[PDB]
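Structure record follows, encoded as structure tokens.
Neighbour counts run over all protein chains shown; Cβ positions are idealised from the backbone, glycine included. A short reminder: the numbers here are calculations on the coordinates, not readings from a lab.
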Amino acid sequence: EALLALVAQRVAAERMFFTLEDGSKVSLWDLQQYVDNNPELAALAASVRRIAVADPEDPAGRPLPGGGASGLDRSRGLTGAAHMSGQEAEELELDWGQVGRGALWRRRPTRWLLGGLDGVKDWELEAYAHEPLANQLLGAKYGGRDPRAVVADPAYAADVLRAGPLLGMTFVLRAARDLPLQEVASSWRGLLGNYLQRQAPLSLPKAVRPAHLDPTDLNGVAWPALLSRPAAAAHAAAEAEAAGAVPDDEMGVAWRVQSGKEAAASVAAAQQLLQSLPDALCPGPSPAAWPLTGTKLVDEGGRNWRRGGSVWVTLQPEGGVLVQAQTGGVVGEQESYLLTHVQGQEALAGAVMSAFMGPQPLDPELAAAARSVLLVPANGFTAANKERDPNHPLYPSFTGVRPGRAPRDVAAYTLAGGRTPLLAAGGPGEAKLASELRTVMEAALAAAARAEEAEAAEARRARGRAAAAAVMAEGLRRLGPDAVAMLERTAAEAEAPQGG
Amino acid sequence: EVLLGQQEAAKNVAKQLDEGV
Amino acid sequence: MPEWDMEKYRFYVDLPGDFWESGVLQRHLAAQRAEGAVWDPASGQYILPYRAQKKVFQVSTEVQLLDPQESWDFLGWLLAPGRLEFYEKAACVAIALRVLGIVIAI
Amino acid sequence: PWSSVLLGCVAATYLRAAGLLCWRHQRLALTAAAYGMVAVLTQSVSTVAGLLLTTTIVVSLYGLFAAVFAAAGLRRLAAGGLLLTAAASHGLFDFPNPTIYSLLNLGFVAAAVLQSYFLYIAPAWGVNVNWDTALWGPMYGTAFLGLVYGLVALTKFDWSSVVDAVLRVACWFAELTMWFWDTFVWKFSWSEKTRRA
Amino acid sequence: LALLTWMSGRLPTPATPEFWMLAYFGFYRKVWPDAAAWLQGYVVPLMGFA
Amino acid sequence: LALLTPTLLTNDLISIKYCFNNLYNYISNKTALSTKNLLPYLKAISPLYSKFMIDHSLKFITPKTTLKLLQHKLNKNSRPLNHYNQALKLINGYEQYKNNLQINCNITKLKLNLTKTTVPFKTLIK
Amino acid sequence: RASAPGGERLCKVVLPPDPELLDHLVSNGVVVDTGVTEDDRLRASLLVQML
Amino acid sequence: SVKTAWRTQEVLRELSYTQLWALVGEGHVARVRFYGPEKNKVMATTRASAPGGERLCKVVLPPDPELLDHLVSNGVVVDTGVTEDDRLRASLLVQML
Amino acid sequence: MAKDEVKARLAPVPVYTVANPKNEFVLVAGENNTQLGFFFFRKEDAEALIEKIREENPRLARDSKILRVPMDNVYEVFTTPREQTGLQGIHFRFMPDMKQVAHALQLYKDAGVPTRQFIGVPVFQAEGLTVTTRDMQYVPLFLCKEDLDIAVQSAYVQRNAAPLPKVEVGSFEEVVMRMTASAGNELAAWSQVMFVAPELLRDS
Amino acid sequence: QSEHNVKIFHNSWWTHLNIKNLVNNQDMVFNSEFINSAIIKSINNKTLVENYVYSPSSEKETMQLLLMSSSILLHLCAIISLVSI
Amino acid sequence: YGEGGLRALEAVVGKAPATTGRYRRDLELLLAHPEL
């Protein structure tokens, strides 16, 4: 009957598996039953009740010491956005850092009139980029250079427009008004059509490796094994030349050009998919049948979009545009909805990216701020100081040590033993200890050359690393802790800020 | 007294703003 | 026992001025709220520990504070029963002497 | 008109130009001659209407002294027209038979309406105003003063109506204060001195 | 103003020292900061200045 | 008595320019020391999963070296602690979110709220 | 909340000086709304005390 | 500009915490008198060796728990203006009442 | 460190410049560009530049005054690229004391080097000299050899007893660049720095 | 939920009694005046500082006089306002 | 700070009542005779 041989058989026996922790594989039917037909546990799940474990190896209970008040848990009473401590944002993925702020003005507030009493705001515009991918792309090419020269070059602007799907630029448009649905749909359709009429045939990436996430390890990913290969770069380049070999500088991406953004194709296809915005968001006249109704993203009648709701437009590679949304107010009551996800529409991703960070964007301040912030994750720092780096360009972490003022006393100054690090650089002691460290390193380089396709070369490099570590360690025990500090600062002030 | 049954969803926000009462 | 079914002595205690500074009530509350409904992975199930349970004559202390603004002393004094009796008498006399003065229209 | 909204304001000042033996007409003619020279080279207090006029003169003087003294040339033409605005307001400062200045007043209010159209719809039509403060400010200011001149002139207004409105507001607040005192603080029959003892 | 008028029988005209005491110790010392802030943020830009 | 009462009762572009100044000074100081030896932008969101985004975008990148942030991601008791039925269901909801994102790549109420957080501007070193 | 015993209701609670209460409310996802709290207590609580 | 202005009595001269800390560390402040209901204001009497001689300055602070470990660390004696004579006068006034 | 921490640690070091009355800079220009701020650590060298300006252009010397500025504002001046400010070419070099350059050369001579050449402003420090604050132990960097000698002699005569603590001298520009670019254990090493003013342990 | 009633008989039997002279062990056979000592001590110890008169010597005498004047005037104003009814 | 300085119960079940103990005989008799 109703696919009795097809909706049964446990959909290909549910031969797609997962992987939890210690290699245990579970079926998707089992996991779907766990989230669907196990609602008692879900009653606890939507109550944030604390339970606390017991120690299993203890004869007498003894509730295990936990600190569970994590950022998401404590933030459930806040409004708008959650709040973490940086380390918890480093965990739970959370790798899309903010690169720019903006606004979609109806009437732009003038500093004249009455302070700006004509300042009607339709949306608040924020742009977010994947910071590790921003580092890996814009940092190994545009890293260690003058940032003003980089942002002055029109090649950097072209590159941050081209590599936008690669960075996964997601734009959050938060409604600052009870906006009518038809007006917003017409405005977005008109703006995106205007930007589609100027989307010339331009450059897109091409795939260098297929597959990943086969239907047995849907929990797993291929990139850590790809980046921790026995030869890595050699293997990656070999894959590259067997398809699209990188022509650019140290960035990857082969960049096919022109035709990739076809005109009568995907551009016109997107000009039709935009026509199926006011017949997919505001269909035939019945404000209870319009898809976005009932949910908190609109009002009770569904006519207007409520103030505080946000629309998340993420530009995936291969022309994928993911439009999600999120209601406003208390985050403990916020509900997030996936609205649409289009794939293969290379004109939509390029048109949205041009509309946000183009030569004429929807907000020039947002485009300039995003293209200017992006060098901070490019230089291996992230937009917000999640790693608590003291040398951050903006929002640097402090050492937490009171600054010292030299007193006009004599009893405070004591001539103790060898318990001061060297602070005078360029002196005879520093120069002679640098010379002794130099001869120790030269002995290490000489000893690493006697340690005797690319996998055997990397094994030889590992053997040379072991011999160099042995010789350098013996030399550093011959020298002092000040020499250890000098080797540490020499290693620190020699690598590029990008981390290459 | 009057029969003008106006409909608006911002009146809920106004009633919530009457928490000052 | 359910509290509504209990029979309770109501004792009067004069607390010291450093009662909150000494933190005896705070320590008792922190001792009482420190346990209950502990998950046990060594055997499954949620276990209420024996430390979270009560002994034969041990009860759960219910700390309730009073608001002095709920004591409407002026209104309770103005609407005291004797004053209410006087207002009833004066309203009776006033109504009778207002009627006698309208029904004299003859 | 983007950068030619400034040309619209220039047309407004040209409309201001559309509108004997005493010194005041000589001063107005000297100011008009100064406007002509500046334009070709760069390329009393006892009335409310007098307050607006004086304000206009002061503002527009600071405007000329911040732009001209300190399609790019429209930024200098629209500020050269501020001296024409100052000339019109110094003409209206003695508003001297009133029929001499009536047509000047009509042109002043009509081009004030035109500037209060052009500059007000300028941010919503594409051009930005917040960029140059010392240039962009005084034209908005003189358009504002020009509009409130077409409101304080058209209806007689004067300091008498201002004093009457202030007295009415203070009187209503006074009766509210007396009612609040007599109802909540202390009855006036208790506070005052009962006579006939 | 109302209380002084009721208590003294004379409205504080600008020729009366009570008006100047209420102008200095009243308007100037108390509400003029607020008035100043509001004015510099609403009227002074509306006048084209700053 | 009221005189005696207290007695008796006993533009982000400017920050962009500053950040660029700090970044250029840091790079120049690093270079000079090498030769001599030899509040906005505080928000973090996650619309997709970072592992999935790196895997999807690494099908186009041939990296000759792993940089600092991706190396940190590569580099990154507690076994009984995260063993509430709750803690063994939340990770299942994470994996169902994973499969939903994968099958969307290959109006629906999401199983979990999209995560948008703030990080404090002033912190201390480790 | 509606999941509370007795439905959704408003209840007045007078608090002891407990320094862990705000941390408990924050970590248990409770919307902690204070209000105004004007600094100048002498000036703010003057006319209402006269009344 | 002590050679340019006229002399006008001797008013206090409001400083700040930073200023006072500098002249305490440099050993220019001889005595401090904490005052204010909130005790956040200080009369600083400087010594004759200071660049300016004895001046009674007035300082306003944030609540920083390091004032003692600078004042009594260097040279400064804390004092209050209520001596035993003033206390006995207060006792006499209470007796008269 | 951060620039706030570096400016906070560089506060007790004063320097002297020559300024026109509206807080300008007597920037000796020499030949093609090459303007030089010459932040003078010693006031005698600043008065010598005043004498040179007096002999060259007598109108400027009357207007100009010796401006005292703490090293935090000097660091703020030094850090920012001057092309961004729009006034570039002004070199802003440091002028060390000749007596302390001679002392630095003498201390260089102990190991045996080209002892008639030095780079930057000398900063002196004894290997083993520490200042005991409230519960932390700062490492004083001495801008003056005489102050270092007073501290070393007083400390060993107070703690009893051979007692020659190495005494090493480096460049003040490098101890600022290392403070700026230090991140690892060098950050913790520099967090205990303490800067002695050139006249702090005088005849008091 | 029950509906209450106004109690009108014997409402507070402990109020219309003078138990003070029995409880404080009078008639068989605590001390004040720490109050005014503490009040004048606080007046002296804080005194608000007349820095506008460059901290004059008397000062505490002025504050004590102000306190006595304010107390006397408050009591007299209360009596006059009471008898004004 | 302090003096002295150097140095299936109370962790499974938790303490023992102190004010209780005078009712031990009555509790035992109530258990022994359920007819009460």
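Counting only helical runs of four or more DSSP H residues, what would the 222 nm mean residue ellipticity of chain F come to if each run contributes -39,500 (n - 2.57) and the total is spread over all its residues?
Taken over chain F, the calculation gives -16500 deg cm²/dmol.
First check a/c for chain F, with a ≥ b ≥ c the square roots of the eigenvalues of its C-alpha gyration tensor; if it is under 1.5, answer rounded, and if not, answer prolate when a/b is larger than b/c or oblate otherwise.
Judged from the Cα gyration tensor, chain F comes out oblate (a/c at least 1.5, b/c at or above a/b).
When a/c reaches 1.5 or more, the comparison of a/b and b/c decides; with that in mind, is segment A:348-500 rounded, prolate or oblate per its Cα gyration tensor?
oblate
About the Cα centre, and with charges only on the beta carbon of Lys, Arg (+1) and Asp, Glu (-1), how big is the dipole of chain D? Nearest 20 debye, please.
Taking the Cα centre of chain D as origin, the dipole is about 240 debye.
May I ask you to derive the FRET efficiency for H:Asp79 and I:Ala8 from their Cβ-Cβ distance with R0 = 30 Å, giving the value to the nearest 0.05?
0.40
Give me the dipole magnitude in Debye, nearest 20, for chain C about the Cα centre, with unit charges on the beta carbon: positive for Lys and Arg, negative for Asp and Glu.
Rounded to the nearest 20 debye, it is 200 debye.
Can you find, among A:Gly294, D:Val48, C:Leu75, the residue sitting farthest towards the positive end of the charge dipole of the protein assembly as shown, where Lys and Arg contribute +1 and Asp and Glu -1 at Cβ?
D:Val48
How large is Rg over Rh for segment D:20-108, taking Rg from the Cα atoms and Rh as the Kirkwood inverse mean of 1/r across Cα pairs?
With Rg and the Kirkwood Rh in hand, the quotient comes to 1.00.
For the protein assembly as shown, with the dipole built from +1 on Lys and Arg beta-carbon atoms and -1 on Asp and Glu ones, taken about the Cα centre, which of C:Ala52, K:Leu36, I:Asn73 lies farthest toward the positive end?
My answer, from the dipole projection, is I:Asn73.
Could you tell me which of the pairs A:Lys261/F:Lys51; I:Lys22/I:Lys65; A:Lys261/F:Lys109; I:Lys43/I:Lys65 are separated by over 21 angstrom between their Cα atoms in the structure shown?
Too far apart for the 21 Å limit: A:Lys261/F:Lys51; A:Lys261/F:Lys109.
Taking only DSSP H segments of four or more residues, each worth -39500 (n - 2.57), what value at 222 nm results for chain I once the sum is divided by all its residues, to the nearest 500 deg cm²/dmol?
Taking each H run of at least 4 residues, the total per residue is -11500 deg cm²/dmol.
Could you tell me which of rounded, prolate or oblate describes the protein assembly as shown, using a ≥ b ≥ c as the square roots of the eigenvalues of the alpha-carbon gyration tensor, with rounded for a/c under 1.5 and, failing that, prolate when a/b is larger than b/c and oblate otherwise?
Because its axes are fairly even, with a/c under 1.5, the protein assembly as shown counts as rounded.
What order do you get for G:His24, H:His28 when you list them from fewest to most C-beta neighbours inside 10 Å?
Fewest-to-most ranking of G:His24, H:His28: G:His24, H:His28.
In whole Å, how far is the Cα centre of segment F:77-126 from that of segment H:19-77?
First find each Cα centre; the distance between them is then 55 Å.
I'd like the distance between the alpha-carbon centres of segment I:136-163 and segment J:5-80, rounded to an integer number of Å.
63
Which FRET efficiency value, to the nearest 0.05, is calculated for A:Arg478 and F:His83 with the Förster distance at 51 angstrom and r the Cβ-Cβ distance?
0.50
So what's the back-of-envelope 222 nm ellipticity for chain A, counting only DSSP H runs of four-plus at -39500 (n - 2.57) apiece and dividing by all residues, rounded to 500?
-10000 deg cm²/dmol
Short version: ³J(HN,Hα) in whole Hz for each residue of segment I:143-149, in order, from phi by Karplus 6.51 cos²θ - 1.76 cosθ + 1.60 (θ = phi - 60°), x for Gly and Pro, what are they?
Once rounded to whole Hz, the list reads 6, 10, 5, 5, 5, 5, 5.
Please compare each pair in C:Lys54/K:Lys15; A:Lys386/F:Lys68; F:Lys30/I:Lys3; A:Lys432/I:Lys99 to a cut-off of 21 Å on the Cα-Cα distance and tell me which ones are over it.
A:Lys432/I:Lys99
For segment F:60-74, in order, what is each residue's ³J(HN,Hα) by Karplus, 6.51 cos²θ - 1.76 cosθ + 1.60 with θ = phi - 60°, in whole Hz (x at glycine and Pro)?
Per-residue couplings from phi come out as 10, 10, 9, x, 6, 7, 7, 7, 5, 6, 5, 5, 5, 5, 5 Hz.
Could you list A:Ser85, J:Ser2, F:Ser50 so that the one with the fewest beta carbons within 10 Å of its beta carbon is first and the one with the most is last?
J:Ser2, A:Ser85, F:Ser50
Starting at the first residue of segment C:42-55, write each ³J(HN,Hα) from the Karplus equation 6.51 cos²θ - 1.76 cosθ + 1.60 with θ = phi - 60°, in whole Hz, x for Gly and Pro.
Values per residue, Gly and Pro as x: 6, 9, x, 6, 7, 10, 7, x, 5, 5, 7, 8, 9, 7 Hz.
Any chance you could give the angle, 0 to 90 degrees and rounded to 10, that helix E:32-46 forms with the longest Cα principal axis of chain E?
Helix E:32-46 sits at roughly 40 degrees to that axis.
Calculate, for A:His83 and H:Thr45, the FRET efficiency according to 1/(1 + (r/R0)^6) with r their C-beta to C-beta distance and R0 35 Å; round to the nearest 0.05.
After rounding, the FRET efficiency stands at 0.15.
If you place +1 on the Cβ of every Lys and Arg and -1 on the Cβ of every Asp and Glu, how big does the dipole about the Cα centre of segment J:4-75 come out, in debye to the nearest 20?
For this selection, approximately 300 debye.
Within the set of other residues whose C-beta is less than 12 Å from the C-beta of J:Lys60, count the net charge using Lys and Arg as +1 and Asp and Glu as -1.
-1
For a footprinting-style exposure proxy, rank I:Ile119, F:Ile125, C:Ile106 by other Cβ within 10 Å, fewest first.
With the sparsest Cβ surroundings first, the list reads C:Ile106, I:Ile119, F:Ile125.
Looking at H:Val42, H:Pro65, H:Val77, which one has the Cα that reaches farthest to the positive end of the dipole of segment H:11-97 (charges on Cβ: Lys, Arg +1; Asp, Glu -1)?
Of the candidates, H:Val42 comes out farthest on the positive side.
Determine the distance separating the Cα centre of segment A:1-80 from the Cα centre of segment D:113-191; give it in Å without decimals.
Spelled out, the Cα-based centre of one part sits 64 Å from the other.
Going by alpha carbons, how many degrees (0 to 90, nearest 10) lie between the helix axis of H:84-96 and the longest principal axis of chain H?
The angle comes out near 30 degrees.
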